[PDB]
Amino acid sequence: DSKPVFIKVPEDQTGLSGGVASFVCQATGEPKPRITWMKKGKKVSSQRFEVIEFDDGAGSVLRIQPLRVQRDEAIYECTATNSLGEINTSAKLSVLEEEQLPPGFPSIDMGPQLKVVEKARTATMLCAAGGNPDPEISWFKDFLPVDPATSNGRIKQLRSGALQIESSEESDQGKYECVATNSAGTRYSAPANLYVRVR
């Protein structure tokens, strides 16, 4: 038995009007903790707001789309609770209009494209991003962060930012978004489908 401990903490994020912003929050604990989201100290609920859980509810993603300048700029609080305790952490979201975009704001030079892969073959989703400084690349699959570290080497992210999936399986099917993040902000690629076809 132990109090919840954050192992993924949402960071401040600067997004683009009409785009997407995801906050990820995860904790460990025994019993397994539950994650709850708040905006301005109130639980979330909108047509533009989606909450996707993972890790049996010990992980959670707040996804906002499309980002709207007026209403989405706010402080979002993540709370992790079990019978032993409660912890929390907040992050600010900023949303820029197109004309407020600094010159080095990340760009999607070449996004991932639709991919049909033979079962047990290796699939590779590409993502070439630009910007100044050089952006960091992460991936979401059906709105959830892809964590290569938990795949036992089967899934890995290349230094080009590409996601390489070996021994493709039924579960690898879904829509993949690549995300480019700078000190200037975050930009999502269009989603691309990965299908697994019978050999």
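One-based numbering along the sequence shown.
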> Which wins on mean Cα temperature factor, 88-96 or 123-131?
Replying inline: 123-131
> On average, are the C-alpha B-factors higher in 171-179 or in 19-27?
Replying inline: 171-179
> For the listed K141, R154, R68, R63, which has the peak Cα B-factor recorded in the PDB entry?
Replying inline: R154
> Looking at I35, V44, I52, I137, which has the biggest Cα B factor in the entry?
Replying inline: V44
> In terms of the chain's CA B-factor thirds, is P148 lowest, middle or highest?
Replying inline: highest
>> Based on the deposited C-alpha B factors for this chain, I'd like to know if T81 is in the lowest, middle or highest third.
In response: middle
